[PDB]
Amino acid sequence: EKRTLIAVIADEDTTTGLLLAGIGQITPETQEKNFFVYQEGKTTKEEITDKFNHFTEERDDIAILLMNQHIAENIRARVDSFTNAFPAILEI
């Protein structure tokens, strides 16, 4: 389909491992980034929510949004209210 890419909302260590596996890297043709780093005490709930809606409603090439469970817990009502077919949200 059109939806081929994985997006990432993840703490520092998970992002590091994902970027080593090539996940969340820049899409060559569009130059878009496919990751946002959560930093406890720095990132607000509003920024997490904004990045969520971006990867989820403002991008159209995302098949799967990966997030740490604890980050999904921080915005659980926004996550539980997501209803679209795509992307699939997987909590890691």
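All residue numbers are counted from 1 along the displayed sequence.
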Which has the higher mean CA temperature factor in the PDB entry, 16-24 or 79-87?
-> 79-87
Among the modelled residues of its chain, the C-alpha B-factor of residue 31 falls in the third labelled highest
If you rank every modelled residue in this chain by C-alpha B factor, which third holds residue 6: lowest, middle or highest?
-> middle
Can you tell me which third, lowest, middle or highest, the CA B-factor of residue 43 falls into for its chain?
-> lowest
